[PDB]
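Structural characterization, general
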Protein chains: 2
Amino acid sequence: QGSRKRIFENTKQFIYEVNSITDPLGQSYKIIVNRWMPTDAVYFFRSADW
Amino acid sequence: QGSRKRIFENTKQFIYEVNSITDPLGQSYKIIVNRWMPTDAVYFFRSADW
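Residues numbered from 1 in each chain as written, not as in the entry; some residues may be left out. Chains lettered and ligands numbered in written order. Part of a larger assembly, values for the part shown. Heavy atoms only, no water.

Naming follows the PDB entry, where chain A appears as Major head protein of Escherichia phage vB_EcoP_SU10. Looking at the header, the entry is titled "Bottom part (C5) of bacteriophage SU10 capsid".

Put into structure tokens, the structure is as follows:
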């Protein structure tokens, strides 16, 4: 908790916080879930190099 | 945790919280990581006096 880099999303009508997690280095990570994952592995990427 | 002065950065679409640590004296300090460090010490500076 004490090392949780909060990150929000302003929309002019609501401030939607994001389910993000950060490492000791400060690198923030957003967490999204997909129903078609193989269920026996996790993926880390930027969604732009692909 | 209770004394950590959480500072944020607006970007017109997101609010990225910075990984800043504060001292009991009330001053805040950003935390940046670099592979170029000697790995055995840390530097406290302003980034504008150099």
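That was the structure; now back to the text.
Side note on the relation of the copies chain B and chain A
What relates the two chain copies is a rotation about an axis together with a slide along it. Of the transformation superimposing chain B on chain A, the axial component is 0.1 Å and the angular component is 73 degrees, with the fit at an RMSD of 0.4 Å. Taken together, the rotation angle and the small translation identify this as a five-fold axis. (Least-squares fit on C-alpha atoms.)

Section: the sheet that holds strand β1 (residues 8–10) of chain B
Pairing in this open sheet of 4 strands is antiparallel, and the strands run β2(A)-β1(A)-β2(B)-β1(B) from one edge to the other. In this open sheet, the two strands that pair with only one neighbour each are β2 (15–17) of chain A together with β1 of chain B. Along the sheet, successive strands turn relative to each other by an average axial angle of 20 degrees, direction set aside. Alignment of strand β1 (residues 7–10) of chain A against β2 of chain A, held across 3 bridges, turns out to be antiparallel. (Pairing = 2+ DSSP bridges. Helix = DSSP H or I, 4+ residues; strand = E, 2+ residues; numbered from the N terminus. Axes fitted to C-alpha atoms, helices over the stretch in contact; angles between N-to-C directions.)

Points about the packing of aromatic side chains
In this description, a pair of aromatic rings is defined by centroid distance and the angle of the planes. All names here are of chain A. Taken as a whole and assessed by the stated rule, the structure comprises 3 aromatic pairs over all chains. Summarising the aromatic geometry, the rings of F14 and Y16 are spaced 5.9 Å apart at their centres and angled 40 degrees between planes, so their arrangement reads as tilted. Looking at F14, the relative accessible area reads 53%, which means it is exposed. (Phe/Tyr/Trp six-rings, centres within 6.5 Å; stacked < 30°, edge-to-face > 60°. Buried < 20%, exposed > 50% of the residue type's maximum accessible area, 1.4 Å probe, protein only.)

Looking at the pattern of salt bridges
Going through the model one piece at a time under the given rule, you end up with 5 salt bridges over all chains. In this structure, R46 of chain B engages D49 of chain B in a salt bridge whose closest nitrogen and oxygen atoms are separated by 3.6 Å. Residue classification places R46 of chain B among the exposed residues on the basis of a relative accessible area of 66%. If you follow the salt bridges from partner to partner, you end up with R6 of chain A together with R4 and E17 of chain B in one network. (Salt bridge = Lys/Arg side-chain N within 4 Å of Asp/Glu carboxyl O.)

Considering the interface of chain B and chain A
Counting residues at the interface gives 12 residues for chain B, matched by 11 residues for chain A. Together chain B and chain A conceal approximately 1100 Å² of surface at their shared face, both sides included; 52% is due to carbon and sulfur atoms. Summed over the shared surface of chain B and chain A, the number is 1 salt bridge. Applying the counting criterion to the chain B and chain A interface returns 3 residue pairs in polar contact. For the side of chain B that touches chain A, the leading source of residues is strand β2 (residues 15–17) of chain B, giving 3 residues. Its residues assigned to classes, the side of chain B that touches chain A comprises 6 nonpolar, 3 polar and 3 charged. The sheet contact formed by β1 of chain A and β2 of chain B spans 2 bridges and is antiparallel. Along β2 of chain B, the bridge assignment pairs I7 of chain A with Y16 of chain B. (Contact = heavy atoms within 4.5 Å. Buried area = accessible area lost by both parts, 1.4 Å probe. Polar contact = N/O pair within 3.5 Å; in protein donor to acceptor, adjacent residues only side chain to side chain. Nonpolar A, V, L, I, M, F, W, Y, C, P; charged D, E, K, R; others polar.)

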